[PDB]
Amino acid sequence: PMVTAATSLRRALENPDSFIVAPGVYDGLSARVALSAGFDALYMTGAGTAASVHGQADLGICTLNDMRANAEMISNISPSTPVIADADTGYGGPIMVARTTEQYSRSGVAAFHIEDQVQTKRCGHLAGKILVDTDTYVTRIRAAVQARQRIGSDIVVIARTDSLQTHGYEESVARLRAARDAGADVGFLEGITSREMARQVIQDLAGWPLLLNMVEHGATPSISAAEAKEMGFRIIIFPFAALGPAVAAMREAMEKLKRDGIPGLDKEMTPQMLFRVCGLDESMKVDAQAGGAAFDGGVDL
Amino acid sequence: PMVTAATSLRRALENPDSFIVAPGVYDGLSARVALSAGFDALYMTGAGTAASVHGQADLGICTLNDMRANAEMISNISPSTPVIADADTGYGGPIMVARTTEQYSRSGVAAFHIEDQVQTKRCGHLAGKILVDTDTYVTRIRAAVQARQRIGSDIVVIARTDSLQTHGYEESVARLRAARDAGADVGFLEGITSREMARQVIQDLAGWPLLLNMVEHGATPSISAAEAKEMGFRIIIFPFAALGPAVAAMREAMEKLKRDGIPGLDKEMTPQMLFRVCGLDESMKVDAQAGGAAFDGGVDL
Amino acid sequence: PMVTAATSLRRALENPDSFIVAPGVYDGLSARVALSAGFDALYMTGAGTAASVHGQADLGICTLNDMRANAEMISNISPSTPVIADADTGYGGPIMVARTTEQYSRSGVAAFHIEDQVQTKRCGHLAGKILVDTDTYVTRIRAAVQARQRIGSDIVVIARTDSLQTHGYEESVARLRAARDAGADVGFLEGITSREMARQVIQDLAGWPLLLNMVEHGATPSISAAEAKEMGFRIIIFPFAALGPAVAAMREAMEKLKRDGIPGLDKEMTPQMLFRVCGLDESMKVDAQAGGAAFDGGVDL
Amino acid sequence: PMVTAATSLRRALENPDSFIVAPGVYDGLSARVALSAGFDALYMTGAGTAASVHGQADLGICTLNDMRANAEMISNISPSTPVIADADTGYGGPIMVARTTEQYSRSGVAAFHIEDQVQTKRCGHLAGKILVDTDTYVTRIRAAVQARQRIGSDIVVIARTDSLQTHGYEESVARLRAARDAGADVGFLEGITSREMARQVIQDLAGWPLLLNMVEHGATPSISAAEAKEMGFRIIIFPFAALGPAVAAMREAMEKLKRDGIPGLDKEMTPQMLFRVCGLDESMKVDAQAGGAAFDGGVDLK
Ligand SMILES: O=C(O)C(O)(O)C(F)(F)C(=O)O
Ligand SMILES: O=C(O)C(O)(O)C(F)(F)C(=O)O
Ligand SMILES: O=C(O)C(O)(O)C(F)(F)C(=O)O
Ligand SMILES: O=C(O)C(O)(O)C(F)(F)C(=O)O
Ligand SMILES: [Mn+2]
Ligand SMILES: [Mn+2]
Ligand SMILES: [Mn+2]
Ligand SMILES: [Mn+2]
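As you go down the protein sequences, you meet chains D, C, A and B in turn. If you count by the entry's author numbering, then the first sequence holds residues 2 to 302, one letter each, in order. If you count by the entry's author numbering, then the second sequence holds residues 2 to 302, one letter each, in order. If you count by the entry's author numbering, then the third sequence holds residues 2 to 302, one letter each, in order. If you count by the entry's author numbering, then the fourth sequence holds residues 2 to 303, one letter each, in order.
Here it is in structure tokens:
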């Protein structure tokens with residue numbers, strides 16, 4: 002019997018108390034660090050995938066192949082951490098949304114989210130978004146739900162709406178209701194603009210687990226994880242938890258290297274140290290375990 | 002016709018006053034950030050490829066597919082900037098050394114490096130490394146040379162040897178010699194153990210450009226670029242330039258997130274901020290030029 | 002001094018007397034076979050690709066990754082042989098049409114066609130098609146011409162319209178001329194319905210090279226290369242010239258393997274014969290010239 | 002729960018009565034065709050993958066990435082039909098054999114085979130084969146077996162040796178044995194020189210279910226389905242069963258296209274027909290059921 006984190010994430014979002022905290026990772030390393038810090042959930046950012054795999058802004062540039070491989074490898078770094086993964090708008094219509102679902106399920110991906118934008122989608126905290134009508138939107142969600150059923154996957158279907166910005170509060174809620182009716186599992190109102198409004202969605206969709214996108218310095222005012230739990234939310238996501246820090250530091254680092262002529266990393270950061278963050282030691286156990294002798298001796302010095 | 006940065010680097014390699022300084026990057030973000038900071042050349046670390054793409058240590062886990070893809074994107078962020086891309090051992094015998102060359106060429110890679118380890122390779126600063134003999138190795142260096150000139154490519158072939166730690170300085174120099182005769186453009190003594198030895202290679206192989214691999218806190222004492230230039234090297238790489246610092250900053254930041262429950266990114270790090278680092282302005286022009294409406298009134302909130 | 006069939010074909014189309022016959026190929030095998038036949042050009046069918054890569058119909062399930070990979074590899078079987086690569090609707094808006102143009106050009110592709118359906122397009126001989134408005138289409142062509150030009154590519158842009166069935170003859174022509182004005186290299190009126198439309202269109206955009214798509218037993222009367230040349234076409238393609246016969250042959254061989262329980266391939270299908278169809282001899286030479294003893298001996302017996 | 006055709010097959014293999022007939026497919030077309038002919042199992046040929054995905058010979062060109070992708074798409078067309086996928090040598094040492102085992106399980110691959118060649122392998126019917134040593138090889142086998150249990154897959158680890166051409170019959174059987182020992186489920190003596198040795202090897206490795214690779218016009222004399230069943234094989238594969246014919250038919254099609262200046266395909270082959278061979282109807286039902294109307298009025302021309 003093979004296992005997926007969809008299952009125990011699914012049980013937790015059925016327990017009305019357990020609260021899910023998920024930092025936003027974008028590649029192998031951010032995922033290894035966020036694990037070491039002791040988080041019990043990860044979020045694979047679409048934006049961060051764009052950044053790292055393409056060097057590109059969050060503009061629909063990422064392909065299903067792109068997202069799925071990244072989502073996959075992030076999922077099996079630790080197969081019991083549920084991974085919540087971006088899936089943008091489904092990489093097409095029903096035919097495509099199902100492949101994405103099927104794919105993300107086989108991959109061990111614990112949840113994903115489908116938004117209501119046109120396929121050449123935009124970061125949610127960006128102006129001038131373009132949406133698809135409610136009918137097409139429900140059709141994506143209904144495909145993802147029917148797709149998981151057919152293969153018996155527990156993968157958690159998260160319905161994002163980007164419509165607040167363009168269409169007003171009332172309409173985004175009509176969309177979330179309509180996604181709840183097609184069988185979605187969690188509701189995702191993107192870019193909540195106020196505490197009044199976080200409070201107001203939660204009651205308007207009372208008893209449906211909702212998710213908060215705590216992207217900072219965008220449309221959404223700062224809510225700590227505790228306050229969100231307390232407000233009623235069931236999941237909070239921090240898409241730039243890794244990406245932000247990593248940018249500031251590399252920048253300073255490259256400017257330092259520029260004036261200086263050598264990086265000057267702390268003497269702690271040895272290649273073995275750096276490798277250990279990426280599972281060196283577990284990787285050599287695997288070799289010694291199967292009769293191999295390549296890491297005979299260790300690996301220092 | 003189409004241009005590649007092979008020809009600049011190969012040209013610059015001929016003027017013996019030009020000295021190529023290339024920091025390590027390992028994904029799009031590090032790349033854009035290295036570029037933003039004014040570097041004239043980039044080095045894509047294999048180790049860093051393994052870590053960001055796979056979350057794995059540097060042990061030959063990366064496939065040609067992984068490597069090339071990552072090489073092409075990094076190379077095309079800024080087409081006029083030369084990129085020296087790790088090619089491990091050529092991912093096979095000659096047949097593969099050859100596809101490796103052609104594909105890196107087509108990708109717009111400016112230079113690459115092939116070493117004398119078994120395919121199932123390992124970072125050069127760990128104990129244990131297992132090598133192939135001199136003939137096989139030369140076969141690889143010859144395969145790259147032949148495949149480049151067969152397609153009319155100016156990509157720069159860097160001959161590396163990982164054989165100092167087990168076979169001794171003398172052998173290491175003998176393999177560089179063979180390689181030089183086989184037509185490599187640049188010598189790569191991995192894991193130079195002293196300044197004595199740095200000055201010494203340069204002399205024993207005088208006339209022939211050499212790379213210094215400036216990985217700190219490993220086998221090589223800390224030599225700055227200015228100093229390497231003065232010794233007589235032609236290229237200096239720093240594989241962990243972005244990676245060390247990103248690992249530190251993210252570890253920090255994830256620890257903060259865990260205690261704090263909100264990441265607290267500096268206010269300067271809006272979503273737009275971060276996309277703008279990843280070419281958002283330019284992506285927005287392509288559209289407008291083409292001329293699209295998507296982006297109309299930009300994206301600011 | 003890297004080179005590309007794109008430029009060879011650019012030139013062909015500059016002289017109106019040149020006539021181009023390009024059979025459909027969909028994978029490495031079809032490609033080798035068609036090359037062995039002596040054909041001077043290839044057409045990588047999108048439909049085709051979907052069937053081999055995915056085991057799926059032509060419904061817009063291939064992503065850019067799929068199509069670029071296939072196109073590149075086909076293109077580099079015989080680098081001197083121009084390959085006309087299907088490129089669907091460009092895999093998104095302008096941003097993606099450039100990435101498509103850039104990648105295809107780096108891959109050695111000679112030409113590609115962009116059409117005017119929605120991104121979840123279907124084969125042009127199915128009913129139903131859904132189209133985007135003319136402006137949105139022109140925006141695509143325009144991005145490919147621009148993208149071409151920013152990078153100095155000679156790649157041929159082929160403007161397709163699927164508008165005949167839904168909008169009729171004259172809207173079709175209107176769209177085509179609109180694309181010509183945007184810098185497109187070749188017109189492509191999908192599923193022309195009569196031999197006199199054939200001739201009407203050729204004088205309707207006279208001076209401008211036109212492609213005939215000779216897919217049989219859908220929408221288009223059966224017209225030959227001789228006949229097409231005479232009519233005044235510049236390029237004739239046959240998406241299923243390899244595909245169909247392969248299907249039918251495999252169908253019959255699977256029944257016969259069904260009943261008889263041993264395939265009974267002809268005495269000449271040895272493994273080695275099959276391999277020589279795919280460059281065994283040439284890639285054994287690659288090795289030797291390097292050279293290892295890998296195939297030292299030969300491979301036979 | 003998601004269900005793997007690897008279980009249905011593990012269990013089929015405990016039945017001493019179940020004989021598995023598996024034709025070699027290599028792309029989606031050749032999968033879809035094999036299925037409709039009614040086969041209950043498919044074989045992904047390593048060789049055929051090289052040819053179709055790369056245009057290249059069977060020489061170690063394919064990377065794990067390559068092979069997994071084909072193996073995955075091929076398993077999931079009919080997800081209840083077991084797919085036995087080539088795995089070459091496992092693309093490196095344990096670490097890599099582990100990843101291969103893992104990815105092939107997630108993909109739905111029913112079985113995969115691992116050989117004792119150098120990682121730059123060649124078709125086991127070419128000369129020149131250069132092997133690795135027994136220890137090294139058991140390390141590979143033991144790793145796919147440990148990887149498999151670490152994650153709880155039913156995936157069937159087939160053990161293959163190429164050592165017959167190079168090191169003789171008795172060494173060939175020593176290797177195959179060392180490997181039953183490290184936990185492999187199915188044995189694969191590749192390139193059987195004669196029919197009395199096909200009879201012999203079953204005897205020598207009684208207890209353990211074996212696979213015949215029936216590649217025609219190489220080293221192995223031609224032995225049929227019922228005939229290998231009788232002798233006592235559990236699995237027979239025909240790696241070129243899709244690819245031989247396709248080559249012959251395409252060569253002819255090209256000659257005809259020069260002769261006639263048009264393929265002259267049969268009235269039967271409408272685009273629709275070929276598409277339906279590729280599951281177009283299934284595809285269109287997925288859209289309708291999800292509420293999409295993209296295929297309203299259907300898709301046959303009017
Ligand atoms: O992380 C993401 O990709 C995202 O979709 O959640 C987002 F943050 F960019 C967003 O659009 O909000
Ligand atoms: O960065 C690399 O991949 C490298 O090869 O330069 C190295 F640093 F890992 C090394 O092997 O020294
Ligand atoms: O081969 C193709 O992909 C094609 O676009 O030309 C076609 F045949 F499918 C078609 O749409 O005519
Ligand atoms: O199909 C294959 O790749 C194969 O391994 O079975 C073979 F036929 F090439 C072989 O090695 O015999
Ligand atoms: Mn996103
Ligand atoms: Mn390296
Ligand atoms: Mn097409
Ligand atoms: Mn094989």
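Note that the Cβ used here is the ideal one computed from N, Cα and C, for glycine as well.
C-alpha gap between residue i and residue j, whole angstroms
{"i": "residue 68(A)", "j": "residue 14(C)", "result": "37 Å"}
{"i": "residue 7(C)", "j": "residue 86(C)", "result": "12 Å"}
{"i": "residue 120(B)", "j": "residue 135(D)", "result": "53 Å"}
{"i": "residue 99(D)", "j": "residue 144(D)", "result": "6 Å"}
{"i": "residue 239(B)", "j": "residue 185(B)", "result": "22 Å"}
{"i": "residue 164(D)", "j": "residue 180(D)", "result": "13 Å"}
{"i": "residue 11(B)", "j": "residue 189(B)", "result": "16 Å"}
{"i": "residue 200(A)", "j": "residue 232(A)", "result": "6 Å"}
{"i": "residue 72(B)", "j": "residue 97(C)", "result": "22 Å"}
{"i": "residue 230(D)", "j": "residue 269(C)", "result": "27 Å"}
{"i": "residue 48(D)", "j": "residue 281(C)", "result": "12 Å"}
{"i": "residue 360(D)", "j": "residue 94(D)", "result": "The requested residue 360(D) is not part of the displayed model; chain D covers only 2 to 302."}
{"i": "residue 241(C)", "j": "residue 248(C)", "result": "10 Å"}
{"i": "residue 297(A)", "j": "residue 118(B)", "result": "17 Å"}
{"i": "residue 106(C)", "j": "residue 194(A)", "result": "44 Å"}
For residue i, the first and last residue of its enclosing alpha helix (DSSP H)
{"i": "residue 174(D)", "result": "170-182"}
{"i": "residue 160(D)", "result": "Premise fails: residue 160(D) lies in the beta strand (DSSP E), 157-162, not in any alpha helix (DSSP H)."}
{"i": "residue 96(B)", "result": "95-108"}
{"i": "residue 65(D)", "result": "65-78"}
{"i": "residue 204(B)", "result": "196-205"}
{"i": "residue 248(B)", "result": "244-261"}
{"i": "residue 273(C)", "result": "272-278"}
Residue i versus the options, residue with shortest Cα-Cα distance
{"i": "residue 26(C)", "options": "148(C), 53(C), 210(C) and 105(C)", "result": "53(C)"}
{"i": "residue 138(A)", "options": "183(A), 154(A) and 11(A)", "result": "183(A)"}
{"i": "residue 83(D)", "options": "107(D), 90(D) and 41(D)", "result": "41(D)"}
{"i": "residue 28(C)", "options": "76(C), 3(C) and 38(C)", "result": "76(C)"}
{"i": "residue 150(D)", "options": "103(D), 112(D) and 234(D)", "result": "103(D)"}
{"i": "residue 160(B)", "options": "152(B), 113(B) and 195(B)", "result": "113(B)"}
{"i": "residue 176(B)", "options": "132(B), 36(B), 9(B) and 219(B)", "result": "132(B)"}
{"i": "residue 287(D)", "options": "46(C), 23(C), 57(C) and 2(C)", "result": "57(C)"}
{"i": "residue 267(D)", "options": "228(C), 38(C), 261(C) and 246(C)", "result": "246(C)"}
Which residues DSSP lists as bridging residue i, in chain order
{"i": "residue 45(B)", "result": "26(B) and 86(B)"}
{"i": "residue 118(D)", "result": "132(D)"}
{"i": "residue 238(A)", "result": "23(A) and 214(A)"}
{"i": "residue 113(D)", "result": "86(D) and 158(D)"}
Limits of the unbroken beta strand (DSSP E) element including residue i
{"i": "residue 127(D)", "result": "Unbroken run through residue 127(D): none, as it is neither H nor E."}
{"i": "residue 187(D)", "result": "187-190"}
Self-check item: Residues within the region 257-281 of chain D neighbouring chain A, beta-carbon criterion of under 8 Å
Solution: So nothing in the stretch comes that close.
Quiz prompt | Members of the region 49-70 of chain B near chain C, C-beta cut-off 8 Å | solution = 60, 61, 62, 64, 65, 66 and 67
Practice problem: Could you list the residues in the region 112-145 of chain B with a C-beta less than 8 Å from some C-beta on chain C, going in chain order? | Solution: So the list reads 120 and 121, given in the order they occur along the chain.
Exercise. Closer than 8 Å, Cβ to Cβ, to anything on chain B: give me those residues from the region 210-224 of chain A, in chain order.
Key: 215, 216, 217, 218, 219, 220, 223 and 224
Self-check item: Positions along the region 231-256 of chain A whose CB lies within less than 9 Å of some CB in chain B
Solution: 237, 239, 240, 241, 242, 243, 244, 245, 246, 247, 248, 249, 250, 251, 252, 253, 254, 255 and 256
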